[PDB]
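Secondary and tertiary structure notes
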Amino acid sequence: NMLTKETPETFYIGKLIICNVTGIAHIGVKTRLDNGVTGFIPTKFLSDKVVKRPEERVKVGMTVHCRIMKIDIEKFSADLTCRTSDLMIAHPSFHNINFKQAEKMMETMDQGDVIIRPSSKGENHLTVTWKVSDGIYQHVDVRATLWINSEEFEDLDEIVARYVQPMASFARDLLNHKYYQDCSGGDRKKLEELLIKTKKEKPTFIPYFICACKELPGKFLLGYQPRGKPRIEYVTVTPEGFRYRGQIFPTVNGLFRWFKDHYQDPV
Amino acid sequence: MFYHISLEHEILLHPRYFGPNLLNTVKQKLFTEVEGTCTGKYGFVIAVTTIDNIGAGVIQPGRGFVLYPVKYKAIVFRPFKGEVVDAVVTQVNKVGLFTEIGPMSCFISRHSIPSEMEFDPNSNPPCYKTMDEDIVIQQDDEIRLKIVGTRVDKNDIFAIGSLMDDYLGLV
Amino acid sequence: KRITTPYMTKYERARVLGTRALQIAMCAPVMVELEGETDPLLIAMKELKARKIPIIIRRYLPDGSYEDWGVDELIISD
Amino acid sequence: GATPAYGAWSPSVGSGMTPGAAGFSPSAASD
Amino acid sequence: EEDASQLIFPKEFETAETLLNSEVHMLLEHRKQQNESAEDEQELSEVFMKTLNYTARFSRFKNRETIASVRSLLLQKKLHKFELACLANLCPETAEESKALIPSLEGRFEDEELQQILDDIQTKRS
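Residues numbered from 1 in each chain as written, not as in the entry; some residues may be left out. Chains lettered and ligands numbered in written order. Part of a larger assembly, values for the part shown. Heavy atoms only, no water. Residues with missing side-chain atoms left out of burial classes, pairs and counts.

Per the PDB record, this model was obtained through cryo-EM at a reported resolution of 2.90 Å.

Pasting the structure below:
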């Protein structure tokens, strides 16, 4: 105490005491402590007795933090533990990730499983991705400019239940449609030939189909053949409902009921 | 005395702050710039209640910084000479008394205090009493005073009190 | 009731391009998708072509009045 | 970024002319 | 030259809006209530805390309607704005004390005319 100025009373068990290992006599690493105490780390601190000296557990030459479980400042001892442990349907997941690697863990979950992950454009931003279809995923980049407040950051259990769950249900409603198809992600070059190949079998009856694109998720393709000339008309799925011709319907069936009474005009 | 006046100020915004939160960032910068400061013209400012409008940002030539001459509706505390307020005594010393007029601290000497209020150094709590020991004045007491002077120590107001006029003590 | 010409003069176009380039060089958000370029001046030119520059020009009149014109409002010369 | 806004796009509607007669299928009930 | 006793102030301060202790107290309380919410925000400074604990010890009345009534019954008179804060804050007992503290009241009004106002102010206190 008079010379070192650091007695064992100050150092208590459990408190993390830095033991700077500067040298080893036989197996352990006996170094100096912060308070000028000879910190001798035995083989038990490193787990090496008849093998190479502990270098990964005890920093040789530098200071290595370890749990202080021995007060031997006056006796030239330092019982510092080298080990880190010594110091001591609609499944919303979490992620404490990049974009390319994230896609490898999206095709396993079924439709409706929403996952929240950080953004990759700025700061204090988040992106909500919800399963839309086989390979189609909408990456809502919340600052899909979804304006929200800052209090929602504390609790994130309602943003998806207020804007993703109803939208997800509405999107899934179209998946079970009678006349539904994919055609390799719904490419513009493959969805046009079908309309002309299906009319020859029934020139009188003019059926219809529905498909979602892959390059621009969230934009379904509702095509029809008024005559021998194709036509395309997109439609957006809003959180409250849909957006067809500018109108917003409350229910999914409302759009269908309103569509079958307006396509007869010459346009 | 606290007052509610309309002030104006301009703050340069670095281009990194451009984006959907431009107005929010301007407001945030305004809040942390004109709260708690002091000036010799309008006096000590407490805080800001609301903002009137945001001026048109005039981008400077050859510099990305843009200035916004915002006009905010904030309150101000500018005590004048002769005013009478009600403060609380913080400490009692033989050299003089110390009080706290909100964001400002005044000081009264023994000379200003009448001869009836003597010293009590023998007692542990420094206090002043009279011969009969009827009236007692100590710390943490709502004692009034008169602002007979003003001073601004580089945006730090420090006025001076007095205790000569009658009816200045316990209400 | 604006009476100034509805076309962008060369001086204004040059100054707007320069100012936008300077702002971009000072780590400011862009208003167009980058196809893989880095020169701020090229980005400013692309934004001007795309009519997304967040700047409005204040043309002062001899009398003293002024008119606020937006880049996405008047026609661009080049 | 490589993930720009997708819901902010304005869906452009296509124009045309098709002087056809009324001979298509009826509507249905919303139930 | 600046002496509030003789009713003189700079031009900028002449067009100011007077504030009472209860009014500033409730304004700061509401500001604190708004600021404490909306997490990820810079917390209050020592200035706000000291002003709060300073104005809270002189709140003659907490009800806002009391503030409204005491300002309404006072503005009807012919006194200047400066006389609206000190007299409404100190709340003297008798007209003599008010006249002594504020030298402007000396000869500006009668004795009973000010005594009735002081009694009304005292009664309005909670």
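Let us now look at the overall build of chain A. A tally of helices and strands in chain A yields seven helices and 13 strands. Whereas a compact globule of 267 residues would reach a radius of gyration of roughly 18 Å, chain A reaches 33 Å, over 25% beyond that. Projected onto the principal axes, the alpha-carbon positions of chain A cover approximately 105 × 40 × 30 Å. (Helix = DSSP H or I, 4+ residues; strand = E, 2+ residues; numbered from the N terminus. Rg over C-alpha atoms; globule rule 2.2 N^0.38 Å.)

What follows concerns the interface of chain B and chain E. Taken residue by residue, the interface counts 37 residues in chain B and 36 residues in chain E. By residue number, the principal contributor to the side of chain B that touches chain E is strand 6 (residues 84–92) of chain B, which donates five residues. (Contact = heavy atoms within 4.5 Å.)

Here we come to the packing of aromatic side chains. For any two aromatic rings, the description comes down to two numbers: the centre-to-centre distance and the angle of the planes. For the ring pair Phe-80 of chain B and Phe-13 of chain E, a centre distance of 4.5 Å and an interplane angle of 55 degrees mean the geometry is tilted. Of this pair, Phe-80 of chain B sits in the loop between strand 5 (66–77) and strand 6 while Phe-13 of chain E sits in helix 1 (residues 11–14), placing the two residues on different chains. Ring centres 5.6 Å apart and planes at 55 degrees place the aromatic pair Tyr-54 of chain E and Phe-58 of chain E in the tilted group. Pairwise contacts between aromatic rings join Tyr-3 and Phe-80 of chain B together with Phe-9, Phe-13 and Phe-82 of chain E into one cluster. (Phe/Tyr/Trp six-rings, centres within 6.5 Å; stacked < 30°, edge-to-face > 60°.)

Before going further, it helps to spend a moment on the interface of chain C and chain B. Contact with chain C, which involves nine residues of that partner, is made by eleven residues of chain B. Top element by residues in the side of chain C that touches chain B is helix 1 (residues 10–25) of chain C. It accounts for four residues. Of the residues belonging to the side of chain C that touches chain B, the class tally is five nonpolar, two polar and two charged. (Nonpolar A, V, L, I, M, F, W, Y, C, P; charged D, E, K, R; others polar.)

Next up on the list: the pairing of strand 10 (residues 219–227) of chain A. When a strand is regular, its side chains alternate between the sheet's two faces. Residue and element names in this part refer to chain A. Sheet topology note: the strand 9 (residues 209–212)/strand 10 ladder contains four bridges and is antiparallel. Pairing of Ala-212 across the sheet is with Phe-220, part of strand 10. Here strand 9 folds back onto strand 10, and the loop between the two strands holds six residues, one of which, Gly-218, carries a positive phi near 90 degrees. Pairing between strand 10 and strand 12 (residues 234–237): three bridges, direction antiparallel. Following the sheet pairing, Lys-219 is matched in strand 12 by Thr-236. Summarising the sheet, strand 10 and strand 11 (residues 229–231) pair through two bridges and their orientation is antiparallel. Counterpart to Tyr-224 in the pairing with strand 11 is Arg-231. (Pairing = 2+ DSSP bridges.)

Take the environment of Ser-105 of chain B next. All names here are of chain B. As for its placement among the helices and strands, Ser-105 is situated in the loop between strand 7 (96–100) and strand 8 (107–109). The spatial distance from the C-alpha of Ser-105 to the C-alpha of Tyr-128 is 20 Å, given a sequence separation of 23 residues. Setting aside residues up to four positions removed in sequence, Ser-105 forms contacts with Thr-99, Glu-100, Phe-158 and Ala-159.

Let us look at the sheet that holds strand 7 of chain B. All names here are of chain B. Strand order across the open sheet formed by four strands is 8-7-6-11, with antiparallel pairing between neighbours. The two strands at the open ends of the sheet, each matched to only one other strand, are strand 8 and strand 11 (142–146). Between one strand and the next, the sheet's axes are offset by a mean angle of 45 degrees, whatever the strand orientation. Two elements, strand 6 and strand 7, share four bridges in a ladder whose sense is antiparallel. For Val-92, the partnering residue across the bridge sits in strand 7 and is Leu-97. (Axes fitted to C-alpha atoms, helices over the stretch in contact; angles between N-to-C directions.)

Let us now look at the sheet that holds strand 7 (residues 126–131) of chain A. Residue and element names in this part refer to chain A. The strand order across the open sheet built from three strands is 6-7-8, with neighbouring strands paired in antiparallel fashion. Two strands lie at the open edges of the sheet, namely strand 6 (114–118) and strand 8 (137–142), each paired on one side alone. This sheet shows a mean twist of 25 degrees between the axes of neighbouring strands, independent of strand direction. As judged from the five bridges shared by strand 6 and strand 7, these two strands associate in the antiparallel manner. Pairing of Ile-116 across the sheet is with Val-128, part of strand 7.

The next point concerns the environment of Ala-88 of chain E. Residue and element names in this part refer to chain E. The residue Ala-88 is located in helix 5 (residues 82–90) in this model. Here the alpha-carbon distance between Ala-88 and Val-70, two residues 18 residues apart in the chain, equals 7.8 Å. When neighbours within four sequence positions are excluded, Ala-88 is seen to be in contact with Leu-20 and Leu-74.

Residue and element names in this part refer to chain B. Inspection of the sheet shows strand 6 paired to strand 11 by five bridges, in the antiparallel sense. When the sheet's bridge partners are listed, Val-85 is paired in strand 11 with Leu-145. A loop of three residues connects strand 6 with strand 7, the two strands running antiparallel in sequence.

As a further point, take the arrangement of the chains. Looking across the three pairs of chains in contact, one finds the most contacts between chains B and E. Regarding chain A and chain E, the two do not touch, and the least distance separating their C-alpha atoms is 5 Å.

Its identity as a non-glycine residue notwithstanding, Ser-184 of chain A has a phi of 55 degrees, on the positive side. For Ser-184 of chain A, the location among the structural elements is in helix 5 (residues 183–186). A positive phi angle is found at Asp-31 of chain D, which is not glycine, with a value near 55 degrees.

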